[PDB]
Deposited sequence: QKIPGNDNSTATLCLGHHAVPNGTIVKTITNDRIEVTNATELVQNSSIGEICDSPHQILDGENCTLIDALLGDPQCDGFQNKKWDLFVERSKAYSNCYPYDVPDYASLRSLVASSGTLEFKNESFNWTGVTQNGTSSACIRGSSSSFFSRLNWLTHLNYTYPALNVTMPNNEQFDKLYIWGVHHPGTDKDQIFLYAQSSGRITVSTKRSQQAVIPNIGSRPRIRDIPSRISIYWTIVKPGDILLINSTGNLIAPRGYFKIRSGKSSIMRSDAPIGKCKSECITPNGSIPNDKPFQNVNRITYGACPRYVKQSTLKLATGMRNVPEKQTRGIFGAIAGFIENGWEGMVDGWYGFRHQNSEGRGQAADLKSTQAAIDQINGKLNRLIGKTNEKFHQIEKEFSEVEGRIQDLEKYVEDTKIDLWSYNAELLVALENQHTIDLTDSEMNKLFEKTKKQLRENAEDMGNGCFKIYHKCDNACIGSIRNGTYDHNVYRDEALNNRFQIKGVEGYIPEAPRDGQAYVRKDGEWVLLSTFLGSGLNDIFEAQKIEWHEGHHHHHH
C-alpha cells in the first residue's frame, strides 16, 4: 500500500476502494425507468406514430438507444439541447387537450411521409392548419392560464420547398407568426427554399416552445405556415433525467445507474463512467486504490463540434475529475499512513 512517508508498505490485508466493473443491465428498480426503444424524447413529445405508446407516461430516467430513428415529417429544433433537457427534467409527458377556435381554416393535416396505420398521418400533439376553400384568414386566438401551475406549449413553423408549394397550401405567399405572452414574444418568418430530400420530402419544420405562468394569457397571431398546438404539457420539477445507453433492462435493485448497466454503490470511488444517475460513487481516473446524489446534470459527450460552449463544458468536467482524483489519492494515502501508525 501507499503512504505519505513510504510509497511501498507491505500489509497483511487490504481492500479495494474503486469499482471497476458493471453488471451490464439496468436494474429497473427503485427508480422508474422508461425504455425509449426506437423513439427519442423529442419524438415521443411530438407524437411520432411509432411512439404512440409513450403518451401520458412518467419516468425517473429516460433511456435513449442508438438505434432510434425518425419516421415522420422532417423537422429541426433550434436550441434542441435546451428543449431536450427541459423535457427530461420535467419528467412527465402528461398532455391536456384545449379547444382552440381555429375558425376559417382546415384542421388535421396529414402527410405521406408520416404513416401511422395504412394511411397518411401527422404528429399526434400538433395541428397542421391549412387553407379552407382556398382562403386563409388571419388568426387572432387567445388562451388564458386560470390554473395554479405553469403550462408548456409546443408549436411549429413550416418551410416549403418552393413558392408554388407555399401557394398550394396557404393560398398566399407571405406568412408570419407571432406568439406572445405578457412577458415574452416570439416572431418567426418561414424561409422558402430547396433542401435535401428525406423520405422524398424537401421541406422542413422548425419547433418552438412557450411557457405560460398562472394568471397569464397566450396569444397567437398568424397568417400562414403555422403548426398549431392541441393543448399543453404540465411542466414540473423533480429528480428526473435522461441517459443514452444500449444496456438491456433487467430486474434487480441498485441506486446508481451508469450507461454500462447498474453498478454497486458500496465503495466511495469508481472509474466505469463519468455519466451517473442516483446515489453513485465519485468518478476518478485511478484504476486501483488500496486501503452523493445528483439526478439531472450536464451533458458530458458530444457528437458534433460546437465551439465555445462545448469547450467550457469539457473544461468544467475535466476540472471536476482532476480535483476529485487528487482528493481520492490524498485520502487513501492519509488513511493508510494513520492505520500503519495506529497498528505499531
Sequence order list of spans that the model leaves without C-alpha positions, deposited numbering: 1-25, 317-388, 442-557
